[PDB]
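Accompanying notes for the structure given below.
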Amino acid sequence: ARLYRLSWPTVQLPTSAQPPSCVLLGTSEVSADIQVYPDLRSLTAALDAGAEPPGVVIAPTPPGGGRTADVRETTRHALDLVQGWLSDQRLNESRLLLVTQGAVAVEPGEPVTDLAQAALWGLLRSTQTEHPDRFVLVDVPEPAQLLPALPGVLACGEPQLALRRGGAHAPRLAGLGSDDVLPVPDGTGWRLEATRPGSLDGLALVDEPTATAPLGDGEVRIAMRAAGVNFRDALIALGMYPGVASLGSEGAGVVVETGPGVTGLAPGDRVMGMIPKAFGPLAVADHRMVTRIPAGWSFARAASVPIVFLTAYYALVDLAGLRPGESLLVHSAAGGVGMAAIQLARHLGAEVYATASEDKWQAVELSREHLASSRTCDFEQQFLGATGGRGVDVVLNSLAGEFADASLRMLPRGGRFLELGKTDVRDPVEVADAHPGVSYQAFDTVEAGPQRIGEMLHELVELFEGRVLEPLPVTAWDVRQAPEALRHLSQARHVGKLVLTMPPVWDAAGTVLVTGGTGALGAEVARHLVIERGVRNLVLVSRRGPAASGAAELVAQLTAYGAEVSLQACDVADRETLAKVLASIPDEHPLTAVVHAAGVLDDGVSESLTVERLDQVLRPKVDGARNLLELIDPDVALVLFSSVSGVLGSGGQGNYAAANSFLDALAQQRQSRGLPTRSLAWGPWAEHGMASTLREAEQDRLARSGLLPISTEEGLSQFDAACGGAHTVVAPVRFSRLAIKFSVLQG
Ligand SMILES: NC(=O)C1=CN([C@@H]2O[C@H](COP(=O)(O)OP(=O)(O)OC[C@H]3O[C@@H](n4cnc5c(N)ncnc54)[C@H](OP(=O)(O)O)[C@@H]3O)[C@@H](O)[C@H]2O)C=CC1
Ligand SMILES: NC(=O)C1=CN([C@@H]2O[C@H](COP(=O)(O)OP(=O)(O)OC[C@H]3O[C@@H](n4cnc5c(N)ncnc54)[C@H](OP(=O)(O)O)[C@@H]3O)[C@@H](O)[C@H]2O)C=CC1
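According to the entry's author numbering, the sequence shown holds residues 1 to 738, 743 to 751 in order.
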């Protein structure tokens, strides 16, 4: 039994194949000319009144969402469509092409945006297996990509694709690896450093002495959970960073050891700052250079923050002394530092002009007017054009080389100029050479010093909680996959901040909650957690709770292995009851993990499915997972159990597979946003259940009493007879052969 991962290789679409009849199922006009019917019904009408079955109907899906209701509407809608379609049967040899936007993660940079659409994928996948060569799934992030590609989409016979500008992608299961990604020393307190600089291959995770022991000064030791990656980190990795640097500066985590020389904050504390050599389970730094963590921030959203905002602050306050009314020019706007400055600048009451690449513009919250491409030098006369020089009072430049020159001709009036880039660094007096009026400082944030950083840290937080700065968009990765992340980073595909997360680790002190801890899997996992693993505080949770056979025994067993076990009756889909449960977890064993193993089953081809059945199967998986993530503390690890059925589209379980595909998508999106989430797509288990096991046993016991099972027809004729019949107590049974075992059975 392998573990599998679903990949999306590029495929080649046949470029010379015949373009086919097409109708559009949609609200509105088509820029192109192709038949449009607002709904399936109307396309029937045309068929009714003579029209010839189109080879392909396109059904672009209305935008979903990641909320229960969303999932509900957009699978229900998919069902009406699938059912309407199957029942016509003039629409045979014709194919329904359902289009989605962002239901599917294909490229490294990109997360699932529409969970509900991802549910759609599962359901339809099921139906595809039920009816081959009749439906086609297409994820296309911006439509009209579609039509050009359309004769190819159809000729390749492939039922599932995602269109990206890169290419067309098909999905397939793959073994883990394939190289096996990044391997860990397991001996805790390693780190990521570039071993063979020059190339991203030859990154590795090798044990680090420095982190482990001992403190300190001065110093405080941290159990890291996430860390920010900076552009710096990507150059270091490529033997292309002009200066001294150790991979990974900044992060957030939990305090382990403190002292000597430290009083302000103490162990257990959640903390973020500018840690050196950040990319490991264990690192240690100066307690003034780090600070405790605001709102209910995730460790991930904490880790993105420090470097970018310290720079922005240290740069715009200390070095620039930016005043209200004064205006600013910032490069790499949709980047972290670029992103940060514009936020802080708007607080400091400046006008702002800035630059990123055209594809990132939407992510800037700046009036069209003030924007410009960042890999050209056009901005100059457009901005100087935009405002008569004097142009900008201050410049926070990252673009070095010759892009840095067109910069300084902004702000001719005079003013201050800040350089970030070490390659082609300059001289202040020799800068005064080129332009009059302009002072010039080339800085590193660490320059401010521990004293100043801690003071800027305390001052930034204030702003964050004042709701005046908001942490950047996070796109997260697991340290073991850093190469994929740094490649992204160095290719400048991203917006906002990238972040690395450390391998998840449950507080051995803490509580673990298993939903559906009665079920075939939940019990086993429940047992394995207590009997083999650390776990010594359990909450189990199922609709019936302790009242279902044999849950009393199930508990006994564990509590007997010396554990603090609670089994509460609770429907996970009732947020009000879940809350009641979580709250009753004791303060000293606070929960660190959820195993969402709760589930309800259905069976039937998509023809036969109904809305009411759909919701049956959705309620524990979707509402439950939503309730959980809503209620759960951010950095509680969440393990969702889906089913391989959601991935193969097992058929017979359309609607179940929808639920499971949601879970798969919820994790993929959620880990991306930084939070500790993992989703396992179980194939079949041998196990059975307390259930079940107990029903089976009853059957043995009754047999072992030389009894035999009654057919249902006979059982009901007896029901009939015994109900209205003279004897008040009556044993309708079928015996076997002609029992010295039972005294009652004599004569
Ligand atoms: N000295 C110090 O203390 C610090 C220095 N820095 C420096 O500031 C810069 C910004 O850092 P950070 O915000 O973390 O990283 P960013 O997220 O800002 O990434 C850099 C961005 O610059 C843009 N860019 C412009 N020209 C190019 C190019 N030719 N190739 C690739 N990208 C380009 C890219 O986006 P776009 O498509 O919009 O151009 C890219 O996203 C880094 O280079 C870093 O070295 C950062 C922090 C501290
Ligand atoms: N076992 C297998 O062969 C496979 C399992 N899986 C995955 O494993 C999971 C478990 O399968 P299995 O253990 O056999 O399922 P079971 O039906 O045997 O157990 C399901 C458990 O979930 C509980 N439950 C159902 N709905 C709720 C609810 N709304 N609130 C609280 N508890 C609820 C049920 O308790 P009660 O009804 O008493 O409330 C029961 O305890 C499945 O959901 C699926 O994700 C995937 C493929 C195959």
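Note that beta-carbon positions come from the ideal geometry of N, C-alpha and C, so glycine has one too.
Strand pairing of residue 352, partner residues [DSSP]:
When beta bridges are read from the DSSP output, residue 352 appears opposite 328.
Any idea what DSSP makes of residue 67, helix, strand or coil?
Reduced to three states, the DSSP call for residue 67 is coil.
CB-CB under 7 Å to residue 732, same chain, minus the five flanking residues each way: which ones, in chain order?
Within the same chain, residue 732 has close Cβ partners 718 and 722.
Own chain partners of residue 474 with C-beta closer than 7 Å, once the 5 adjacent residues on each side are dropped:
Cβ contact annotation for residue 474 (same chain, cutoff 7 Å, sequence separation greater than five): 300, 301, 304, 496, 497, 499, 673 and 674, in chain order.
Cβ of residue 620 within 7 Å of any heavy atom in ligand 2?
Yes, the beta carbon of residue 620 sits closer than 7 Å to at least one heavy atom of ligand 2.
Taking the CB atoms as reference points, tell me whether residue 91 and residue 60 lie closer together than 8 Å.
If you check the CB distance, residue 91 and residue 60 do not come in under 8 Å.
Name, in chain order, the residues that DSSP records as bridge partners for residue 438.
Partner(s): 415.
What separation, rounded to the nearest whole angstrom, lies between the Cα atoms of residue 599 and residue 660?
Whole-angstrom Cα-Cα distance: 10 Å.
Residues in its own chain within less than 8 Å of residue 542 by CB, not counting five upstream and five downstream?
The answer, listed in chain order, is 515, 516, 517, 518, 519, 522, 548, 551, 567, 569, 570 and 598.
I need the DSSP call for residue 74, collapsed to helix, strand or coil.
Note: residue 74 maps to helix in three-state DSSP.
Beta-carbon within less than 8 Å of residue 580's beta-carbon, same chain only, minus the 5 sequence neighbours each way: which residues are those?
Excluding positions up to five away in sequence, the list reads 570.
Starting from the N-terminal side, write out each stretch of the alpha helix (DSSP H) that is 4 residues or longer and does not extend beyond the segment 626-703.
Those alpha helix (DSSP H) runs which fall completely within the segment 626-703 and span 4+ residues are 645-648, 654-672 and 690-703.
To the nearest angstrom, how far is it from the Cα of residue 466 to the Cα of residue 574?
Between residue 466 and residue 574, the alpha-carbon positions lie close to 34 Å from each other.
Hey, would you say residue 596 sits closer than 8 Å to residue 537, going by beta carbons?
In this structure, residue 537 does not lie closer than 8 Å to residue 596 by Cβ.
Nearer than 7 Å: is that true of the beta carbon of residue 633 relative to any heavy atom of ligand 2?
No, since every heavy atom of ligand 2 falls outside the 7 Å radius drawn around the Cβ of residue 633.
Own chain, CB closer than 6 Å to residue 168, minus 5 neighbours either side, in chain order:
Within the same chain, 11, 13 and 161 come within 6 Å of residue 168 by CB-CB distance, once the 5 residues on both sides are set aside.
Rounded separation between residue 662 and residue 80 - CA only
Using only the alpha carbons, I get a separation of about 19 Å.
Hey, is residue 543 close to ligand 2, as in C-beta under 7 Å from one of its heavy atoms?
Indeed, a heavy atom of ligand 2 lies less than 7 Å from the Cβ.
Would you say residue 442 and residue 426 are within 8 Å of each other, going by their C-beta atoms?
Contact: yes.
Please report how far the alpha carbon of residue 182 lies from the alpha carbon of residue 234, in whole angstroms.
If you take the alpha carbons of residue 182 and residue 234, they lie about 17 Å apart.
Taking the alpha-carbon positions, what's the residue 359 to residue 103 distance?
About 21 Å.
Roughly how many angstroms separate the alpha carbons of residue 693 and residue 714, rounded to a whole number?
Each residue's Cα considered, the two are about 26 Å apart.
Between the C-alpha atoms of residue 138 and residue 62, what's the straight-line distance to the nearest angstrom?
So the alpha carbons of these two residues sit roughly 14 Å apart.
Beta carbon of residue 515: closer than 7 Å to some heavy atom of ligand 2?
Ligand 2 has a heavy atom closer than 7 Å to the beta-carbon of residue 515.
Please specify which runs of the alpha helix (DSSP H), each continuous and at least 4 residues long, are wholly inside the segment 15-48, giving them in chain order.
You should have 40-48.
Could you give the C-beta distance for residue 707 and residue 735, rounded to a whole number, given that I count them as a contact under 8 Å?
Going by Cβ atoms, the distance from residue 707 to residue 735 rounds to 6 Å, so yes, they are a contact pair.
Among the candidates 684, 197 and 313, whose CA atom is the shortest distance from the CA of residue 242?
It is 197 whose Cα lies nearest to the Cα of residue 242.
Taking the continuous beta strand (DSSP E) assigned at residue 273, which residues delimit it?
For residue 273, the enclosing beta strand (DSSP E) begins and ends at 270-273.
At the level of alpha carbons, what is the spacing between residue 93 and residue 140?
Taking C-alpha positions only, residue 93 is separated from residue 140 by approximately 24 Å.
In angstroms with no decimal places, state the Cα-to-Cα distance between residue 87 and residue 608.
Going by C-alpha positions, residue 87 is about 11 Å away from residue 608.
Counterpart residues of residue 224 in DSSP-defined beta bridges:
Looking at the DSSP assignment, residue 224 forms a beta bridge with 253.
Taking all protein chains shown into account, decide if residue 314 is buried (16 or more other Cβ within 10 angstroms of its Cβ) or exposed.
So residue 314 ends up on the buried side.
Name the DSSP bridge partner or partners of residue 230?
Answer by DSSP bridge pairing: none, since residue 230 is not bridged.
With hydrogens ignored, establish whether the beta-carbon of residue 309 is closer than 7 Å to any heavy atom of ligand 2.
No.
Taking the alpha-carbon positions, what's the residue 353 to residue 416 distance?
Rounded to the nearest whole angstrom, the CA to CA distance from residue 353 to residue 416 is 15 Å.
Residue 413 CB to nearest heavy atom of ligand 1 below 7 Å
False, no ligand heavy atom lies under 7 Å from that Cβ.
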